[PDB]
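Listed next as structure tokens: two forms of one protein chain, kept apart as structure 1 and structure 2.
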Structure 1
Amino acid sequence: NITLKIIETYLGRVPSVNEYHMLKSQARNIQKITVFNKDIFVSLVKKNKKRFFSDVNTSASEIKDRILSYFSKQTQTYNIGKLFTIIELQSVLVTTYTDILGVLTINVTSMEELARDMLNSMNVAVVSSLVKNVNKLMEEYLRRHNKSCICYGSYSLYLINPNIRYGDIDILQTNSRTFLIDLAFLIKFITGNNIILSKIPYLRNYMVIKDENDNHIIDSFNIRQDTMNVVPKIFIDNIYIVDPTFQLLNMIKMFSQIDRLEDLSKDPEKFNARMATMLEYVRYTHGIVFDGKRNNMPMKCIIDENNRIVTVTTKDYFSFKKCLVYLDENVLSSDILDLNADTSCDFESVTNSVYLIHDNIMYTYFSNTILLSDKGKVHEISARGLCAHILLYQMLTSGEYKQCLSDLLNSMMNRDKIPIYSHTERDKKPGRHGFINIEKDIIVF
């Protein structure tokens, strides 16, 4: 009974048989939408526009119409699928906008030489202005959501060393989708331009907001509370950043990816600054001494090219004899199931792989290309990457890693460039390119 009156008011007409049946169950969320005060919202969006998008020339009247138009576009939509979409998106705003965007309105230069030395030895290969605005908004965001949003990459290092230049702000969140939907709407309302949210298959729990012209605006990686709780973090300027120690470890694993080394050669200077900043931090923070001395590091890595598995002899540094590193995640997943192992530690995009210790053998997957110095021989750059990949696990589990990290860095010193003979390809990751198209009332995953 009351359901019909809810639906009729929402649709601004009398529900057809089919419509009352289809929307019947959403009666609750629909009422929340109708009851929501649309005036305070217009006020909120405007207030936001002045603090973060003053340079956007649009009428407060222009904003109002866009908004009120959206909260009534059900009254003009008859396709049930489109209706389900509008109700879903509207609810996200009604239930989360205030908490998410609403709240928003109230020693290095010494290590530079060491950095060059390390990087040069590895050098052996061969976007809308809305970002300026969004960037400044994220600066505040990181401060009001310390528990659900953490930063890494350039910006996080810039907070340590103001000399660092950053193009965007990299973040991990426990609520990416809600956040991205809220932000997409905010931009839509202020700007008037149709942004699209899309999900990328080969990235884990990844979503990005692109403008009307496919220009990158902002992206985010989703992680569960479990993961967020174990990620090594540091408190800086009222914001959490991924521990620079952990980021250093990921940088080392990153140089194993062919594309990244190619970036290193294009502009070596870019990496010197970030490298140096992290080296500095570690030396000061962990009392790590940088003498070209570090044994057993680059711990033997043997490739079995046919099965695409790199064996890493780890018995010198860890309890498990060796670590089998798979290059095909589906093969790893299937092999772990064969072992009847149900509790492999997962850290999602943070490590882009599960880690399992079974019968004192670690099983894991490596998401970057493996560089080779010769036929069937792993290039020392990838060996350090593999080693770094294992150390990420040590960090995520409060295990020992300090000495090994010291050994890893020291092994990067006084090195002669070794050319890249070849490299393995990454495994293909199937899946569709999903997206949310607000103006077209379409959600496809």
Structure 2
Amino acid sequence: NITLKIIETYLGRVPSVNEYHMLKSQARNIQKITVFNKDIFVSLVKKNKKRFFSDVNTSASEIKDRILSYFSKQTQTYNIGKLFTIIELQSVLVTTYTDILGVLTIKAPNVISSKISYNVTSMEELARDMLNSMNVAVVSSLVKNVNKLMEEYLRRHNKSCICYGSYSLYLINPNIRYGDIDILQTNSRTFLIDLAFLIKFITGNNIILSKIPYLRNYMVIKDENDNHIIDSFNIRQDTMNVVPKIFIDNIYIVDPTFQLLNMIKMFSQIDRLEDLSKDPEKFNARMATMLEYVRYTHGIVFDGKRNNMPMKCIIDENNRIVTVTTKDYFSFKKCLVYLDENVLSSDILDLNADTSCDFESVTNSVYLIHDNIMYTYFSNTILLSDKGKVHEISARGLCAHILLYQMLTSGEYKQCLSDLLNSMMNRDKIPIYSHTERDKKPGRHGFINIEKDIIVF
């Protein structure tokens, strides 16, 4: 049997009755593995070694040695389950390595980038101001090497991997210190699994690809000692296409207009007001840069004008929701914001008319317009300035949340954003009376181990 001959080739032995029964369906993938040119491969691994890990003690043999051993470990393995892992991880390598890390050994054009420079200084005080009104609360060594690879990877994979956070803003204002590079991928696992191998192969130290459940399609690779190396959120091509983007020197970054919106929501989360009191300046720069981007780019002027923002955020201290009229900025009456995700899908079918949007970890909630009304979920602590009263800070995070939807759908948001940004100037420090808790979410903390062959979910 052609199939039997394939299994036999791969396992380098006569397949047991069980080994045949359990591996049949995988002849297709198994064959591709056998045929894989391990030489051209061993090449790419070394073209990446002297390219991003040039700082390591290793012969172009020690590497090919580890590589060839791995592509043969299916011989010294009899545990069905463990064979499944080897096949699974080998396939990923065979069918994706070249297209993902291999593309990082073909020099790109020396684009004479231009970039724009921002006077994120006139705004340095304006930011410090807003931030004060609110301050009212209470890692492996490979990371350098890996962040270095992402610098390039972002450049070689613009359509599948975009950027945000520190580094994304360091690309607008070079003085922004930056560490880990926040990314979104449509192929998070594929990427992490490939990079995970690259490292084990070079380094020799097994790493673990782990999946965190609280988070929407979150994944991260650590080392034997539980030290963070690099993470990433996965999104659909669906969602990727709708995310606000900007194109700086060969990479896409979430539109800073959008990131600013998110950072206003993040300020509701009590853990953040806590990060703020530690080092208030830490945020100054970021905020500033984002204030200046939106000013210069959309002609936003900080007049500290009127009110009309923040609008009304009526909260059910018990049924835990937050009706908020939007009669003003959008063609939909108000917005009901559920504090419990489960309770959203529960009550979201009692409407039937289903034409909702799921923006995964990008909005970290789902949005549904119905009856000229909006149903969405807020995933942070709601703050209260007084019993039964939403605190300006949450009030604003609530507005920004709704605006995130607007940006991903192309609706009007420029005027509202400005009112929102100015509602933040010159405002008396209000006390956090008390706050709610984020809703618990059990799940499967599973993880791919690079050498012991076990796949936990």
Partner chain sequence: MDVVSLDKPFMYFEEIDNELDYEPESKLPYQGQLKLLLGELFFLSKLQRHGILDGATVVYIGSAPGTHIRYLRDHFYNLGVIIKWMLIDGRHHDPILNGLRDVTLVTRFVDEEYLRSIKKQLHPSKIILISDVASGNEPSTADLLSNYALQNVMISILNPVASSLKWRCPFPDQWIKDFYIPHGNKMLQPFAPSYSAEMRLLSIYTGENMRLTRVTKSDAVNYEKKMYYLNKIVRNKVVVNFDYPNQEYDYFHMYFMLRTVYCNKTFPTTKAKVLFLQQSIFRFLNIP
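Just so we're on the same page, rigid core means the largest C-alpha set that superposes within 1.5 Å between forms. Residues that one form lacks are left out of the comparison. Each residue is numbered by where it sits in the sequence of structure 1, with counting from 1.
- Comparing the two isolated copies of the chain, the second one is the form solved without its partner chain.
- Relative to the superposed core, residue 61 shifts its CA atom by 2 Å or more between the two structures.
- We note a C-alpha movement of 2.7 Å at residue 342 between the two structures, with the rigid core held in register.
- Core-based alignment between the two structures gives a C-alpha movement of 4.3 Å at residue 294.
- Here the rigid core is superposed, and residue 35 then shows its C-alpha moved by 1.0 angstrom between the two structures.
- In sequence order, the runs of three or more residues whose C-alphas all shift by 2 angstroms or more between the two structures, with the rigid core superposed, are 56 to 62, 341 to 343.
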